[PDB]
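Those protein sequence lines, which keep their order, are chains C and A.
The numbering of the first sequence is the authors' numbering, which starts it at 204 and goes up by one.
Residues 70 to 149, 160 to 505 in the authors' numbering are what the second sequence lists, from first letter to last.
The beta-carbon is built from N, C-alpha and C at its ideal position, and this holds for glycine as well.
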Amino acid sequence: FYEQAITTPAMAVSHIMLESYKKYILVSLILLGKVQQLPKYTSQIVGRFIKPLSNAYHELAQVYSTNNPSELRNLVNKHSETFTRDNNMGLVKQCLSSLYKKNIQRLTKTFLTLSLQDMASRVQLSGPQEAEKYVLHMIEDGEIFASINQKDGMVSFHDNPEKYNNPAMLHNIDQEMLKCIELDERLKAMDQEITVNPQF
Amino acid sequence: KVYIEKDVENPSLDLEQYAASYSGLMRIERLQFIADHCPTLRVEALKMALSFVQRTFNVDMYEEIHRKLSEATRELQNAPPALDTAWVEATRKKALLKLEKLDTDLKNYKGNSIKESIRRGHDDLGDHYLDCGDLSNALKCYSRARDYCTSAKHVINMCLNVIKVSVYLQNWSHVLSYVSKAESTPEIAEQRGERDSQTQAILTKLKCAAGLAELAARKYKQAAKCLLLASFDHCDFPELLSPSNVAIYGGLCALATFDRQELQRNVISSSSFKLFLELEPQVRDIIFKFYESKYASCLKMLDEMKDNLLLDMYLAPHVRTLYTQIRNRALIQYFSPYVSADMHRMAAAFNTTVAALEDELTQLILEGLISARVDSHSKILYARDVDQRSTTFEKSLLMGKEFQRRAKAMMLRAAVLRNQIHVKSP
Numbered sequence: 204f205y206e207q208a209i210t211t212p213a214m215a216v217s218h219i220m221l222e223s224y225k226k227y228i229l230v231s232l233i234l235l236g237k238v239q240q241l242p243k244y245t246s247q248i249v250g251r252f253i254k255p256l257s258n259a260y261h262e263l264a265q266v267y268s269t270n271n272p273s274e275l276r277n278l279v280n281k282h283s284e285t286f287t288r289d290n291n292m293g294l295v296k297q298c299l300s301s302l303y304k305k306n307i308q309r310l311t312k313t314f315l316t317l318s319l320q321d322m323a324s325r326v327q328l329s330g331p332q333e334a335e336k337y338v339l340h341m342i343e344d345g346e347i348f349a350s351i352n353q354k355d356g357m358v359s360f361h362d363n364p365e366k367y368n369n370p371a372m373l374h375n376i377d378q379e380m381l382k383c384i385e386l387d388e389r390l391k392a393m394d395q396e397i398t399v400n401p402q403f
Numbered sequence: 070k071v072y073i074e075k076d077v078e079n080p081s082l083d084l085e086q087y088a089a090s091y092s093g094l095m096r097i098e099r100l101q102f103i104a105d106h107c108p109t110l111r112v113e114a115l116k117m118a119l120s121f122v123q124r125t126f127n128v129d130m131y132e133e134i135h136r137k138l139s140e141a142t143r144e145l146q147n148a149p160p161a162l163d164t165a166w167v168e169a170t171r172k173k174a175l176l177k178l179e180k181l182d183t184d185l186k187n188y189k190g191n192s193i194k195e196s197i198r199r200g201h202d203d204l205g206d207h208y209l210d211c212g213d214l215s216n217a218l219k220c221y222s223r224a225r226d227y228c229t230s231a232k233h234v235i236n237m238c239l240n241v242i243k244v245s246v247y248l249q250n251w252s253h254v255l256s257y258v259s260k261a262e263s264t265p266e267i268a269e270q271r272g273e274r275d276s277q278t279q280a281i282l283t284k285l286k287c288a289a290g291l292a293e294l295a296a297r298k299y300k301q302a303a304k305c306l307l308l309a310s311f312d313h314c315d316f317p318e319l320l321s322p323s324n325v326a327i328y329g330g331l332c333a334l335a336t337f338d339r340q341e342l343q344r345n346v347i348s349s350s351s352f353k354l355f356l357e358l359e360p361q362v363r364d365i366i367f368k369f370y371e372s373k374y375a376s377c378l379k380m381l382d383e384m385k386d387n388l389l390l391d392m393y394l395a396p397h398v399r400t401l402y403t404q405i406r407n408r409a410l411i412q413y414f415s416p417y418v419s420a421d422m423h424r425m426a427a428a429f430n431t432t433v434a435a436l437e438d439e440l441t442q443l444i445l446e447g448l449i450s451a452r453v454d455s456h457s458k459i460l461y462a463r464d465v466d467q468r469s470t471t472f473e474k475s476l477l478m479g480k481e482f483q484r485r486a487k488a489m490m491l492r493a494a495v496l497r498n499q500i501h502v503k504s505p
C-alpha cells in the first residue's frame, strides 16, 4: 500500500508521511530478510527530500546488516518520540525481532545441526533453552526445519518446502488461475474502455 | 606506490643479484621500498641503492636516502652514517653543470633544424633526464616526439621510445593505448609483424606493461593472456622483470584467473613459456601438485612466499587478493566432486583448526554453491541437494505473487493517474 501510493506525484511533505515512510522502513527491513529497493518513480522533492530525512533510517538499514544491540538501543531512544507517537509501543523489539530474523535466517542454510548450546553461543541469541524456545515459536511460525532433541541437543533442517506432489499444488495454482483470470479480465475491460477514447 | 605496509620483514632476498637483475630508477625504488618493511636488511639495500645514486646521480634521492639513513642510523644507535656529504655536494654541482652542458647541447640541436635531429634530440634529452634522475621535461620531447614520426621505422621509434620512457614513466592508459597501437594500430600487422615474429619481442615489454595494468586494473584475464605469451628471445631487459618474478608474476596472475582446463593447457601444454616455466621449480611443482591437490604444503609455500611476494613491491599490493582467491579455488578444486564434505583427514590436510576449518566453511556458506549442511557432530558437510525443478516451482510462485502484486499496483496506479491524483507542494 505504501509504495503503490508513494510513487504518487508528491510535492507536499508531511510528518504524517514521515511516519508513513518510517513504518514502511520498519516493515521492509524487519519484514524482509534484507533491504528492499523500490521503483524509484516517487516524488521529485518529497521522495528525495525525506530521503535525507530518512538519514537515521538508511543508516539503520545498514544497521540491519550490523547486529549490534547498543547502537540500536541508542537510535530507539532517539526516535522514541515516534516509537510511541501513536501508541505504537513495541517497535524497538519489532526491530529486535528482525534481528533474530537475521540470526535464524543465517542459521537456516548453514548446517543440519550443531551444538545448539554452542550455536546459541554463535548467533547472539540470549539463552540456549531460550534458543529452542524461540525456535519452537518459529515452529508456531510454522516455517522452521528444526527439531526437538533434548537428549543429543539436536535440531536439524528438513528441507521440505514442497514435493510438487499435491492436489494442494492444484489449489495453489487454481488460486493463481482465478487471480490471473480476473487480472486479465480487467485488463480487457480497461482496454475496452480505452477503445472508448474520442477522436484521436 | 607504497602500501603501509607492516614489516614486517622477510630475509629471503639477494639484492646484489637483484641489481644484477633490475636497474635504473626502479632499482633504487624497490631498494628503498623493500628496505622500509625490511629493516636491517633495509641497510644494505639502501646502501647499494645510494651507491646507485653514485650511478648517474639522482642525488635528490641521495638526499632522501641518506635522510632515512641517518634517521634509522640514530634509531640504530640504541644498538651500537659516517658519509662524504660535502664531496657529494661538489659532485652534485658537477652533475648540475653537466645538466647545463647537455642543455646547451639540446638548444644547439634545436638549432640543427632536422626532423630526425629532432627525434634524436628527444632521445638524448629523455636520456639525460634519466641520467641525473630528474625526468620531467624529457616527456615533452617524447610528448613532442610523435610529431616527427611518419614512416614505419618512425612508428617503431615513436612506439618503442614512448614505452621505453614508460619503463620509468610507468603510466598505463595512454601507454597501454600505445601498446595496443604499436602491436596492432600502425600498418596492421605493424608492417613489421612486431619484428616479424619479433626476434627481441618488445611485445614482451608491452606484455609487462599491460600485465602490471591488470595488476592494478585487476582485469587479470588479459594479464595472464600475455603472461603465457612470454617470448624468451627478447632475452634482455633489466627493467623488464626478473625471470623468477617473470614466471611467478605471470603464472600466479593466471593461477588466480584461470579455469583449470585451458590453463593446464596453458601450463602442462605451455611451450612458449617453457623456459619461463622452468624458471621457478618451486612455483612449478607448486601449481603442479596444487592442481594435483597437495593443499597442505602447497598452501604452505603459498603463505611462505607470502613474505617474499611482500618482498615484491608488486606482489605486496595484491597479497590479500591472491591468497584470497587461492584458498577459494583450493576449495573450488577439491570440493566439486564430493557429495558430503567430511573434514577430519581433510582438515588434517588443510591444517585449519576444526573450528577455523568449519568457519572457512562458514565463509563458504556466505557465498557457496552447494545446498549443503553439516552435522557439526558429523564434523562433516553434506554438499548440495538434488532438485532444481521444484526450485523452479518456488521461484515460479514468487514470480506470480509479485506479478499480481505489481498488477494491482498498476491498476491502482491507473486509478491515481487517471483520477487526477497527485500531491501539491505545500
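(request) Step through the CB atoms of chain C and report whether any lies within less than 9 Å of the CB of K194 of chain A. (result) no
(message) Since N127 of chain A and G205 of chain A should fall inside the 8 Å C-beta cutoff, what is the C-beta to C-beta distance between them, to a whole number of angstroms?
(response) Actually they do not touch by this definition, with Cβ atoms about 14 Å apart.
(request) Give a yes or no on whether the minimum CB-CB distance between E473 of chain A and chain C is below 9 Å. (result) yes
(message) Taking a contact to mean a Cβ-Cβ separation below 9 Å, would you say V433 of chain A touches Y461 of chain A in this structure?
(response) no
(request) Could you tell me whether the Cβ of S231 of chain C comes closer than 9 Å to any Cβ of chain A? (result) no
(request) Spell out whether any CB of chain C is found under 9 Å from the CB atom of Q467 of chain A. (result) no
(request) With a cut-off of 8 Å on the beta carbons, I'd call residue 155 of chain A and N430 of chain A a contact; round off their distance for me. (result) The gap in chain A between 149 and 160 takes in residue 155 of chain A, so it carries no coordinates here.
(message) I'd like to know whether the C-beta of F482 of chain A is nearer than 9 Å to at least one C-beta of chain C.
(response) yes
(message) One question on the structure: do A141 of chain A and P108 of chain A come within less than 9 Å of each other, judged by their Cβ atoms?
(response) yes
(message) Applying the 10 Å Cβ sphere with the 16-neighbour rule, what's the burial state of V362 of chain A?
(response) buried
(message) Using beta carbons (cut-off 9 Å, strictly below), is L221 of chain C in contact with chain A?
(response) no
(message) Cβ closer than 8 Å: which chain C residues qualify as neighbours of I197 of chain A?
(response) By Cβ distance, chain C contributes nothing, its closest Cβ being about 57 Å from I197 of chain A, past 8 Å.
(request) Counting only the same chain and skipping the five closest in sequence on each side, list residues whose C-beta sits under 6 Å from that of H313 of chain A. (result) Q279, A280, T283
(message) Residues in the same chain with beta-carbon distance under 7 Å from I248 of chain C, minus the five sequence neighbours each way, listed in chain order, please.
(response) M214
(request) Give a yes or no on whether the minimum CB-CB distance between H423 of chain A and chain C is below 9 Å. (result) no
(message) Counting only Cβ pairs nearer than 7 Å, list the residues of chain C close to residue 156 of chain A.
(response) The model contains no atoms for residue 156 of chain A, which sits in the stretch where chain A goes from 149 to 160 directly.
(request) Buried or exposed for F403 of chain C, please, with buried defined as at least 16 other CB atoms from any protein chain shown within 10 angstroms of its CB. (result) exposed
(request) Pull up the CB-CB distance for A224 of chain A and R199 of chain A, whole angstroms please, since I reckon it's below 8 Å. (result) Actually they do not touch by this definition, with Cβ atoms about 10 Å apart.
(request) Could you tell me which chain B residues have their CB closer than 8 Å to the CB of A488 of chain A, listed as they occur along the chain? (result) Of the chains in the structure shown, none is chain B; the protein chains are C and A.
(message) Counting only C-beta atoms, is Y417 of chain A closer than 9 Å to chain C at any point?
(response) no
(request) Ignore the nearest five residues each way along the sequence and tell me which others in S350 of chain A's own chain have a CB closer than 8 Å to its CB. (result) none
(request) Confirm, please, whether the CB-CB distance from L339 of chain C to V326 of chain C is below 9 Å. (result) no
(request) Go to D454 of chain A, then tell me how far its beta strand (DSSP E) extends in each direction, as first and last residue. (result) 452-454
(message) For the stretch 314-323 of chain C against the stretch 446-458 of chain A, do three or more pairs of beta-carbon atoms, one drawn from each stretch, fall closer than 8 Å, so that the two count as touching?
(response) yes
(message) Residues of the stretch 303-324 of chain C in Cβ contact with chain A at a cutoff of 9 Å, in chain order, please.
(response) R309, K312, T313, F314, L315, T316, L317, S318, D321, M322
(message) Could you compute how far the alpha carbon of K177 of chain A sits from the alpha carbon of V122 of chain A?
(response) 16 Å
(request) Consult DSSP for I459 of chain A and reduce its assignment to one of helix, strand or coil. (result) strand
(message) If we define contact as Cβ-Cβ less than 9 Å, is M214 of chain C a contact residue for chain A?
(response) yes
(message) Residues in the same chain with beta-carbon distance under 6 Å from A217 of chain A, minus the five sequence neighbours each way, listed in chain order, please.
(response) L204, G205, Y208
(message) Within 10 Å of its beta-carbon, does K286 of chain A have 16 or more other beta-carbons around it, so buried, or fewer, so exposed?
(response) buried
(request) Decide yes or no for the touch test of the stretch 336-343 of chain A against the stretch 294-313 of chain A: beta carbon pairs closer than 8 Å, at least 3 of them. (result) yes
(request) Whole angstroms is fine: what's the gap from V234 of chain A's alpha carbon to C228 of chain A's? (result) 6 Å
(request) Please confirm whether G93 of chain A and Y299 of chain A have their CB atoms less than 9 Å apart. (result) no
(message) Could you tell me the alpha carbon to alpha carbon distance between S268 of chain C and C377 of chain A, rounded to whole angstroms?
(response) 36 Å
(request) Just the chain C side, please: which residues come within less than 8 Å of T441 of chain A by C-beta, in chain order? (result) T313
(request) Answer yes or no: does any C-beta atom of chain C fall closer than 9 Å to that of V433 of chain A? (result) no
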